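J.: Mind having a look at this structure? Questions to follow.
A quick note on method: Cβ atoms are made from the backbone with ideal geometry, for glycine too, and the neighbour counts reach across all protein chains shown. Please treat every number below as a calculation from the coordinates, not as lab data.
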Amino acid sequence: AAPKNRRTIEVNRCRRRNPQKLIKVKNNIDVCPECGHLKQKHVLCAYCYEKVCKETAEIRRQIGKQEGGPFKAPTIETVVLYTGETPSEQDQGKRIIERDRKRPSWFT
Amino acid sequence: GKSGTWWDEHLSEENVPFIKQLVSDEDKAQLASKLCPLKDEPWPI
Amino acid sequence: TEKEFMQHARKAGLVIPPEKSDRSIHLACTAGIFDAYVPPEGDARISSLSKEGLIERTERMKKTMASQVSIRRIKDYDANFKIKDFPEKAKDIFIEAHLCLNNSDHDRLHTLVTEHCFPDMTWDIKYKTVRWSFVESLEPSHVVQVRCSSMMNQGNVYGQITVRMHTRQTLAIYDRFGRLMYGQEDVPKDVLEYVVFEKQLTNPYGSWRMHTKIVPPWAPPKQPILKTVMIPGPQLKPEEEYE
Amino acid sequence: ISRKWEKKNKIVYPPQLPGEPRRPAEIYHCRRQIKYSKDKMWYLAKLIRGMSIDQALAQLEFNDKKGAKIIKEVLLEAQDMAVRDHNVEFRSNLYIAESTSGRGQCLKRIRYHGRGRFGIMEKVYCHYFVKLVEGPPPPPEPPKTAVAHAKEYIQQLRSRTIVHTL
Amino acid sequence: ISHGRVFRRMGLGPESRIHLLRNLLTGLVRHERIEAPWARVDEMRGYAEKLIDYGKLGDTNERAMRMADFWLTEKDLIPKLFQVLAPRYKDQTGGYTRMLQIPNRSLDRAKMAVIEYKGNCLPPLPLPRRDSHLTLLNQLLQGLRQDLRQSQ
Amino acid sequence: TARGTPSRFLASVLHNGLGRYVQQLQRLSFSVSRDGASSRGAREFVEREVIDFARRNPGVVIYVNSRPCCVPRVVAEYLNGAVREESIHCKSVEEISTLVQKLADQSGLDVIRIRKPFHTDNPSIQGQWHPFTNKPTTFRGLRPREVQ
Amino acid sequence: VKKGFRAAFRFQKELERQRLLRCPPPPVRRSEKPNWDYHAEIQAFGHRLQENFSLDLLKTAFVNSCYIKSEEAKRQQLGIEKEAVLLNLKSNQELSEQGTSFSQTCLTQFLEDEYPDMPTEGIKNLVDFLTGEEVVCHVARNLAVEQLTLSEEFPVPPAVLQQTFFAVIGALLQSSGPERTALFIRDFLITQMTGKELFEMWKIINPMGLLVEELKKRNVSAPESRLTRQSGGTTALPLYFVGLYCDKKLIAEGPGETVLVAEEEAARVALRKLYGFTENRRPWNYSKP
Amino acid sequence: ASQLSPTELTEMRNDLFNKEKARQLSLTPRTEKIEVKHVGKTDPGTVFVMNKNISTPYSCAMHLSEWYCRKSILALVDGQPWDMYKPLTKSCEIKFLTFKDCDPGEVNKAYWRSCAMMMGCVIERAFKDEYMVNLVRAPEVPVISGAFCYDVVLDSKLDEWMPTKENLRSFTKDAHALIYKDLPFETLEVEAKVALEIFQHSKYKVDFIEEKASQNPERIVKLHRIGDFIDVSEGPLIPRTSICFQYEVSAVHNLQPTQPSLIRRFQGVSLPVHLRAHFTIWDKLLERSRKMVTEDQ
Ligand SMILES: [Mg+2]
Ligand SMILES: [Zn+2]
């Protein structure tokens, strides 16, 4: 195929400036009760997500430092702790993984 | 501007089943009320 | 099909005069002040002519003797110089400097003041307009301390003269758009300041230029801002805030 | 190379009179040499246009493009320079008045086709212009109803007179 | 035409798709948290439900043992799955593996999601909590409910 | 063409033909060079006929700046405020005389399109025509297809 | 490079023209320009009107009190004493008042001898419109006397322009005879009423009230409205013709889109016909007796 | 207390209120800087430098973002309820609230009081000028109640009629028209003396002002203004009036065995724009609010 002429700037404007190709304005942006870093409906907040991801990464680092080599997988449940906090009576058969910081207010 | 909204947005955890049961009973009663149309005011046959 | 971008420069002034060279820099001032003058605590209460002398007048006599020997030194180095008409000279120099700063004058303000207080009076005002004006002077100005240094770095000495001043000024700082921001219009407010003048003695000419101004710690607060200032806290990174 | 957009923030105005309005502020800011396409930057500018700064930041934070974060940082630094230097107290009382895109300096490379021929690879570059004005954002132009069209038609039929004689 | 047909294709065929799903299932059994596209995590949850069901059905069964040995390429995860995740859900049926949606990725901007089992020693994800039972609409609904209860 | 240049109407500046006729031209600033071969016509004009041109109409003031230039020009201002500046570069005495006479005879209106050379202020005398003209009125103005 | 200078000069002139066209500078008065002469302009203005003015009266009328105040303020703020010409300027107030009174009485006399059927309010509004600010400002701008008026403000407010116009009118009255100034103000004011509608210069509110008052003053009963012709009563573009009948006799007729505007137009036509100021009246005789 | 047209009374009321506001804003000399702190939860450790008796909490929220201005109804100042349009005095701490919070009680009370005041304002201008009307008070009903009430005394000639659905529809249309225009709830801590001196007409308003000023030794009431109407209410209110998205009045109930004359008690339900529901819940709340409800004891 080969054009016989040349498209004009008017046709280009009518083709690229149509409301179909323009980005639509979404109305799903709100605020978050906690922290508040501009979230969206049906979507988790990035701030708390990053916080829990960092916490899970630290817990996995501590587990790997306690386990040592690969190919382990204990046959008992696990429970994480923080500064102080003596182990309860119903947490005897569970693996204790203590950290080195205070307990956050969003983890009970 | 005005954002999107539905019916189960601003409801608590103990109000959605209540509203569901209420509207279900309401539509069931409305369907049962229109069971005998001849005894009301029927048009001449 | 083999071309790149040029123009590789930096926006930072590093050191390059004294790196393997035989030409130094002939300055005309210094860094800060030689000795900080300490005004009396009861200056506002005893703002009249004179009062009763305090106990142990040895320190004031020693300061007077130091001022006298500094005056003797600056007279032996350069004769023909008065002291009584020096406060009036400092007053008119300050007045003409404020006037040329109000009229947006630089080629004259550079020689009226020193190389130290010029940025402090031209930085946060370059994009703003001022309506400063002198109305009337109250208490006459007097000299409180006369000192001089003897730095033998490049053979240049200076003579800072701390001369107090108390008068009434009219400040009116607008904005770059034409709206008011800081001071009001014609308001004859009362405020005092301690201004020191420094002159390069070793210079073959030498002009009495305003060095800087020292503010006492017990000075009353300035007038508030006409707008609202917001002071946000630190950026809360994904961790925890303990404060 | 010409640079006249970053210098509009130095236009000093004379002091106004007490019998004059407030006059909104004008903040100009733009970046140079941005690895992006001008069409996508213009699409983002058309998405922004005349809206609030907070709404623009919210729309750009969830915009899955490359220049979205760039425009977000541009708006952030412009608001910062406005509240620090342009004498702006309110952070949410701003709106974008003008927002367009330009074209940057381009280079030339090769493409390597499937024979001895080739193409001219022109490194496309662009910029981004934006202006911040204080005060509340102006409301959009409402569509004219049938009353406006009727009045205009009546005015057009009343304005016509005799023609081609006297 | 794909009416009433799921089985979202991912790899170069059914074998590659099953291998990727098995790898995702092994990673979910090990780390208990994996971020991946919505279709991948959906299929992973759909397979993990039946995996938990088969692990709960019994341990001495050869069918469940072979299925656990096939769907787990790390071996050590089989005793864990049979002695931790099986006695945990002894009171639940098929109510587990909660799915939550995340925004996008900082690489190709793709829709992803994160799923995890119940309980979980790891800190829980920020769940989209509903409004409290003290707002105006909730208080009006509670008042209407109390009124219709006292009137009945 | 007419679709590329603006147009106006044909009208008087302040009704000169009704009351009394006044001179529209006011000042004539001439710029004749001292030495050169491009202002000989203007020099001869100022030498021989500028006195007669000034004495012909007392309502026109003639200014001779005599500035050493290269292109002789003339500024003509009218009552309405229009300023038409033309150049008399290399022209004879008769040409300059005809030009200044045409400038003095005209007014300050534009030399664009005339648009309708005839203009009247009271076009309707015996009543302007309307669609109801030449139509007789029926009894009581009864419209057709009625009963009363 | 391209050798040349004439083409470069023409291009620079074109650039300067584009610069002055895009950024229009504030216009300056004709007095501050080099090619300007006050006495020559005064003589030209005196000779172009086919009259016989005087230099002293024109120099006294072409000034203002604001100009004298500005001059004395400028001479006092600097220090130069000029009391040998400033104290003999003589403001143009009494001459302006005399010219205003003469113009008013001449216009009233003309409207009385030409339109005998004009009431007091009608002739009052006519002489107020003829002496209005807009008409005198337009006449002064077309006569090129604003550049000769010595006063502050370049655009010149309408008050000062009307004042100096009345002042030069009074000067012409004091110089020449009354008939010359009468013919002058006639030819320079009444020529503006050509083609203009009567009520456009009067601007009444209730034409029916004044119409019935004039009819009661003419021993007439009371007018009543009747629908003559009509076209389209249910469409968006209606047309009606209301005819005023007095004692079973038509007097006028007025069209309109509705019935109210049609009756108003009919009343206006009847009132203009009763006053004798119609479109078929005798035109003003611009001749000499 | 004398014969006054139904225009000059509100004229003198609003001009006296404007004079009082001018005196309050001119009582302070210059602009005193205050240090108000933000002890919320979203952005902790934020201190603002505002003015004294000039700055408003809405202007303080404008320094943050547009969300803090779109989702804000009542402010918490040292544990006391504070609206968004009220100048501050001393330096302390501020906290913003919203409808979708943990314990939304003060915001709900303020919204109910604002809706009652708006209903009173829209009903005090929908009667005949020949029939005198009086406004008793606005009793604080709990959120569990069906609809808020507002006692209005009519004329003695109208003690036997019942408003049909047309009057209710007209009242709802007038309420929607009043909500369409943006009119803030301008309040001011007016002294009780001048507060009772401005009225001096309806005895019910004077008695209400006396009862609300007899509880505090400072003798300071809380007056509000909606464009050109002055009413006496308790506590703060809502900032803007465009928050109410759905407004509809139920019916009316008349109590007789309590006072010789006949008094009217109108009810109504309202829902904000942030907590809008569907049509089913709307008609349910409309039908449930038509019942008689009282919580005066
Ligand atoms: Mg694929
Ligand atoms: Zn969050």
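J.: Report yes if E:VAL29 is in contact with a strand residue (DSSP E or B) (Cβ under 9 Å, 6 or more places away or on another chain), in a helix (DSSP H, G or I) and away from ligand 1 (no atom under 16 Å from the Cβ), otherwise no. Show your work before the answer.
T.: On the way: in contact with a strand residue (DSSP E or B) (Cβ under 9 Å, 6 or more places away or on another chain): no; in a helix (DSSP H, G or I): yes; away from ligand 1 (no atom under 16 Å from the Cβ): yes.
Judged against the criteria, E:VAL29 is not a match.
J.: State whether the residues of the range A:36-49 include one that is within 16 Å of ligand 2 (Cβ to nearest atom), farther than 24 Å from E:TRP38 by Cβ and within 14 Å of chain H (Cβ to nearest Cβ).
T.: To start, the set of residues in the range A:36-49 that are within 16 Å of ligand 2 (Cβ to nearest atom) comprises A:36-49.
When the remaining residues are screened for being farther than 24 Å from E:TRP38 by Cβ, the result is A:36.
Applying the additional criterion that residues be within 14 Å of chain H (Cβ to nearest Cβ) yields A:36.
Yes: the range A:36-49 contains one or more residues that are within 16 Å of ligand 2 (Cβ to nearest atom), farther than 24 Å from E:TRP38 by Cβ and within 14 Å of chain H (Cβ to nearest Cβ).
J.: Hey, any hits in the range D:96-117 for a residue that's away from chain C (no Cβ under 14 Å), over 25 Å from D:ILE1 (Cα atoms) and surrounded by 12 or more Cβ atoms within 10 Å (Cβ to Cβ)?
T.: Taking the range D:96-117 and keeping what is away from chain C (no Cβ under 14 Å), we get D:96-103, D:114-116.
Among the residues that remain, those that are also over 25 Å from D:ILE1 (Cα atoms) are: D:96-97, D:114-116.
Now drop any that are not surrounded by 12 or more Cβ atoms within 10 Å (Cβ to Cβ), which leaves D:96-97.
Within the range D:96-117 (the criterion being away from chain C (no Cβ under 14 Å), over 25 Å from D:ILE1 (Cα atoms) and surrounded by 12 or more Cβ atoms within 10 Å (Cβ to Cβ)), the answer is yes, since at least one residue qualifies.
J.: I need a count of the residues in the range D:46-95 that are within 14 Å of the chain's Cα centre (by Cα) and either over 30 Å from C:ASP175 (Cα atoms) or within 9 Å of another protein chain (Cβ to nearest Cβ) (or both).
T.: Total satisfying the criteria: 5.
J.: For a quick check of your reading of the model, give me the residue pairs whose first member lies in the range G:189-200 and is over 15 Å from F:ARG20 (Cβ atoms), whose second is part of a helix (DSSP H, G or I), with beta-carbon atoms closer than 8 Å and at least 6 apart or on different chains.
T.: Sorted first by the residue in the range G:189-200, then by its partner, the pairs are G:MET193/G:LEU130; G:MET193/G:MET201; G:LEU198/G:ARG272; G:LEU198/G:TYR275; G:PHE199/G:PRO207; G:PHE199/G:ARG268; G:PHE199/G:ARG272.
J.: For the list (1) touching a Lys or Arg at 6+ places or on another chain (Cβ under 7 Å); (2) away from ligand 1 (no atom under 15 Å from the Cβ), I need the number of the one condition that E:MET10 fails.
T.: (2)
J.: Do the conditions hold for C:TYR127, that is, is it over 19 Å from C:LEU109 (Cα atoms) and either under 19 Å from the mean Cα position of the chain (by Cα) or surrounded by 14 or more Cβ atoms within 10 Å (Cβ to Cβ) (or both)? Reasoning before the result, please.
T.: Numbers: over 19 Å from C:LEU109 (Cα atoms): no; either under 19 Å from the mean Cα position of the chain (by Cα) or surrounded by 14 or more Cβ atoms within 10 Å (Cβ to Cβ) (or both): yes.
Against the criterion (over 19 Å from C:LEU109 (Cα atoms) and either under 19 Å from the mean Cα position of the chain (by Cα) or surrounded by 14 or more Cβ atoms within 10 Å (Cβ to Cβ) (or both)), C:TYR127 does not qualify.
J.: I'm trying to understand the selection: among the residues of the range H:252-275, which are under 21 Å from the mean Cα position of the chain (by Cα) and part of a loop (DSSP other than H, G, I, E, B)?
T.: Within the range H:252-275, H:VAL273, H:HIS274, H:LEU275 qualify.
J.: Considering every residue within the range A:53-68, establish whether at least one is more than 7 Å from chain E (Cβ to nearest Cβ), under 15 Å from E:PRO103 (Cβ atoms), within 16 Å of ligand 2 (Cβ to nearest atom) and assigned to a helix (DSSP H, G or I).
T.: So far as the range A:53-68 goes, yes, one or more of its residues are more than 7 Å from chain E (Cβ to nearest Cβ), under 15 Å from E:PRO103 (Cβ atoms), within 16 Å of ligand 2 (Cβ to nearest atom) and assigned to a helix (DSSP H, G or I).
J.: For a quick check of your reading: which helices (runs of 4 or more DSSP H) sit entirely within the range H:46-165 and have at least 1 residues that are away from chain D (no Cβ under 14 Å) and surrounded by 21 or more Cβ atoms within 10 Å (Cβ to Cβ)?
T.: Numbers: elements: H:57-62, H:67-70, H:106-123.
The helices (runs of 4 or more DSSP H) meeting that bar are H:106-123.
J.: Can you find a residue in the range G:61-73 that is more than 12 Å from chain F (Cβ to nearest Cβ), in a loop (DSSP other than H, G, I, E, B) and touching a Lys or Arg at 6+ places or on another chain (Cβ under 9 Å)? I'd like the intermediate steps shown before the answer.
T.: Filtering the range G:61-73 for residues more than 12 Å from chain F (Cβ to nearest Cβ) gives G:61-73.
Those left that are additionally in a loop (DSSP other than H, G, I, E, B): G:62-64.
Those left that are additionally touching a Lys or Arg at 6+ places or on another chain (Cβ under 9 Å): G:63.
Yes, there is a match, as at least one residue in the range G:61-73 is more than 12 Å from chain F (Cβ to nearest Cβ), in a loop (DSSP other than H, G, I, E, B) and touching a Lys or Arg at 6+ places or on another chain (Cβ under 9 Å).
J.: I'm checking my understanding of the structure. Among residues of the range A:32-52 that are of a type outside the set (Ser, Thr, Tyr) and in a helix (DSSP H, G or I), which one is nearest to ligand 1 (Cβ to nearest atom)? Spell out the reasoning first.
T.: Filtering the range A:32-52 down to residues of a type outside the set (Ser, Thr, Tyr) leaves A:32-46, A:48, A:50-52.
After this cut, where a residue has to be in a helix (DSSP H, G or I) as well, the list is A:46, A:48, A:50-52.
Values: A:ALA46: 28, A:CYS48: 33, A:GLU50: 30, A:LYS51: 34, A:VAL52: 31 Å.
Of everything passing the filter in the range A:32-52, A:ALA46 is nearest to ligand 1 (Cβ to nearest atom).
J.: I've got another one for you. Away from chain D (no Cβ under 14 Å) and surrounded by fewer than 19 Cβ atoms within 10 Å (Cβ to Cβ): does that describe C:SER137?
T.: Taking the combined requirement at face value, the residue satisfies it.
J.: Does the range G:41-52 include one or more residues that are closer than 25 Å to G:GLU152 by Cα and outside any helix (DSSP H, G or I)? Talk me through it step by step, then tell me what you get.
T.: Step one: of the range G:41-52, the residues closer than 25 Å to G:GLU152 by Cα are G:41-46.
Keeping just the survivors that are outside any helix (DSSP H, G or I) gives none.
Checked against the condition, which is being closer than 25 Å to G:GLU152 by Cα and outside any helix (DSSP H, G or I), the range G:41-52 yields no hits at all.
J.: From the set of residues in the range A:69-82 that are more than 21 Å from E:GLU74 (Cα to Cα) and either facing another protein chain (nearest Cβ under 7 Å) or in a helix (DSSP H, G or I) (or both), which is farthest from ligand 1 (Cβ to nearest atom)? I'd like the intermediate steps shown before the answer.
T.: Let us first name the residues in the range A:69-82 that are more than 21 Å from E:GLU74 (Cα to Cα), namely A:79-82.
Now drop any that are not either facing another protein chain (nearest Cβ under 7 Å) or in a helix (DSSP H, G or I) (or both), which leaves A:79-80.
Values: A:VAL79: 42, A:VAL80: 39 Å.
Looking at residues that are more than 21 Å from E:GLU74 (Cα to Cα) and either facing another protein chain (nearest Cβ under 7 Å) or in a helix (DSSP H, G or I) (or both), I get A:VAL79.
J.: Right, next: Any residue in the range A:29-46 that's more than 18 Å from B:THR5 (Cβ to Cβ): show its pairings with residues that are within 11 Å of ligand 2 (Cβ to nearest atom) and among the polar types (S, T, N, Q) at Cβ separation under 6 Å, as long as the two are six or more apart or on different chains.
T.: Listed by first residue and then by second, the contacts come to A:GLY36/H:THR42.
J.: Among the numbered conditions (1) within 14 Å of chain D (Cβ to nearest Cβ); (2) of a type in the set (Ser, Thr, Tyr); (3) closer than 23 Å to C:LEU109 by Cβ, tell me where C:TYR205 comes up short.
T.: Failing condition for C:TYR205: (1).
J.: Assess whether E:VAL41 counts as being more than 16 Å from ligand 2 (Cβ to nearest atom), under 23 Å from A:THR75 (Cβ atoms) and β-branched (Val, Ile, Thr). I'd like the intermediate steps shown before the answer.
T.: Numbers: more than 16 Å from ligand 2 (Cβ to nearest atom): yes; under 23 Å from A:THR75 (Cβ atoms): no; β-branched (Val, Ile, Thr): yes.
Considered against the rule, which asks whether it is more than 16 Å from ligand 2 (Cβ to nearest atom), under 23 Å from A:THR75 (Cβ atoms) and β-branched (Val, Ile, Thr), E:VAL41 comes out as no.
J.: Pick from E:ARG109, E:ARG9, E:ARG5: which is away from chain A (no Cβ under 12 Å), basic (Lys, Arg) and either within 16 Å of ligand 2 (Cβ to nearest atom) or within 30 Å of A:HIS37 (Cα to Cα) (or both)?
T.: Details: E:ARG9 fails: either within 16 Å of ligand 2 (Cβ to nearest atom) or within 30 Å of A:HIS37 (Cα to Cα) (or both); E:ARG5 fails: either within 16 Å of ligand 2 (Cβ to nearest atom) or within 30 Å of A:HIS37 (Cα to Cα) (or both).
Exactly one residue qualifies, and that residue is E:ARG109.
J.: Pairs under 8 Å by beta carbon, first residue in contact (Cβ under 8 Å) with a residue 60 or more places away in the chain and surrounded by fewer than 19 Cβ atoms within 10 Å (Cβ to Cβ) in the range E:16-41, partner among the β-branched types (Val, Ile, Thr) and assigned to a loop (DSSP other than H, G, I, E, B), six or more apart or different chains?
T.: So the pair list comes out as E:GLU35/E:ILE102.
J.: Does E:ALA36 meet the test of being in contact with a strand residue (DSSP E or B) (Cβ under 7 Å, 6 or more places away or on another chain), within 16 Å of ligand 1 (Cβ to nearest atom) and within 11 Å of another protein chain (Cβ to nearest Cβ)?
T.: Working: in contact with a strand residue (DSSP E or B) (Cβ under 7 Å, 6 or more places away or on another chain): yes; within 16 Å of ligand 1 (Cβ to nearest atom): yes; within 11 Å of another protein chain (Cβ to nearest Cβ): no.
Judged against the criteria, E:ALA36 is not a match.
J.: Something else now. Is it the case that some residue within the range G:225-237 is outside any strand (DSSP E or B) and surrounded by 14 or more Cβ atoms within 10 Å (Cβ to Cβ)?
T.: Filtering the range G:225-237 down to residues outside any strand (DSSP E or B) leaves G:232-237.
Next, only the ones that are surrounded by 14 or more Cβ atoms within 10 Å (Cβ to Cβ) stay: none.
There is no residue in the range G:225-237 that is outside any strand (DSSP E or B) and surrounded by 14 or more Cβ atoms within 10 Å (Cβ to Cβ).
J.: I'm trying to understand the selection: among the residues of the range G:101-131, which are under 21 Å from G:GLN162 (Cβ atoms) and surrounded by fewer than 14 Cβ atoms within 10 Å (Cβ to Cβ)?
T.: Taking the range G:101-131 and keeping what is under 21 Å from G:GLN162 (Cβ atoms), we get G:101-108, G:110-111, G:123-131.
Correct list: G:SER101, G:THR105, G:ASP128.
J.: Would you mind finding the one in E:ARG22, E:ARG45 that is within 25 Å of E:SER106 (Cα to Cα) and either within 15 Å of ligand 1 (Cβ to nearest atom) or away from every other protein chain (no Cβ under 14 Å) (or both)? Even if it seems obvious, please write down each step before you answer.
T.: Values: E:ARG22 fails: within 25 Å of E:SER106 (Cα to Cα).
After applying the criteria, what remains is E:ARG45.
J.: Filter the range H:265-292 down to residues that are more than 20 Å from H:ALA110 (Cβ to Cβ) and out of contact with any helix residue (DSSP H, G or I) (no Cβ under 9 Å at 6 or more places or on another chain), then give me how many there are.
T.: Step one: of the range H:265-292, the residues more than 20 Å from H:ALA110 (Cβ to Cβ) are H:265-266, H:277-284, H:286-288, H:290-292.
Of the ones still in play, those that are also out of contact with any helix residue (DSSP H, G or I) (no Cβ under 9 Å at 6 or more places or on another chain) are H:265, H:278-279, H:282-283, H:286-287, H:290, H:292.
Here the count works out to 9.
J.: Condition check: closer than 30 Å to G:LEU143 by Cβ, surrounded by 15 or more Cβ atoms within 10 Å (Cβ to Cβ), β-branched (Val, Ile, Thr) and without any contact (Cβ under 8 Å) to a residue 60 or more places away in the chain. Does F:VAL60 satisfy that? Break it down stepwise before answering.
T.: Working: closer than 30 Å to G:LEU143 by Cβ: yes; surrounded by 15 or more Cβ atoms within 10 Å (Cβ to Cβ): yes; β-branched (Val, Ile, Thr): yes; without any contact (Cβ under 8 Å) to a residue 60 or more places away in the chain: yes.
Yes: the conditions hold for F:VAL60.
J.: Please give the number of the condition A:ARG6 fails out of (1) away from ligand 2 (no atom under 16 Å from the Cβ); (2) within 14 Å of chain H (Cβ to nearest Cβ).
T.: With respect to (1) away from ligand 2 (no atom under 16 Å from the Cβ); (2) within 14 Å of chain H (Cβ to nearest Cβ), A:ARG6 is out only on (2).
J.: Now for a separate question. Report yes if some residue within the range F:47-61 is more than 30 Å from G:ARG186 (Cβ to Cβ), in a strand (DSSP E or B) and either within 12 Å of chain G (Cβ to nearest Cβ) or touching a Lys or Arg at 6+ places or on another chain (Cβ under 9 Å) (or both); otherwise report no. Walk me through it before giving the result.
T.: Within the range F:47-61, the first condition is being more than 30 Å from G:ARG186 (Cβ to Cβ), and the residues that meet it are F:47-55.
Of the ones still in play, those that are also in a strand (DSSP E or B) are none.
Scanning the range F:47-61, I find no residue that is more than 30 Å from G:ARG186 (Cβ to Cβ), in a strand (DSSP E or B) and either within 12 Å of chain G (Cβ to nearest Cβ) or touching a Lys or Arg at 6+ places or on another chain (Cβ under 9 Å) (or both), so the answer is no.
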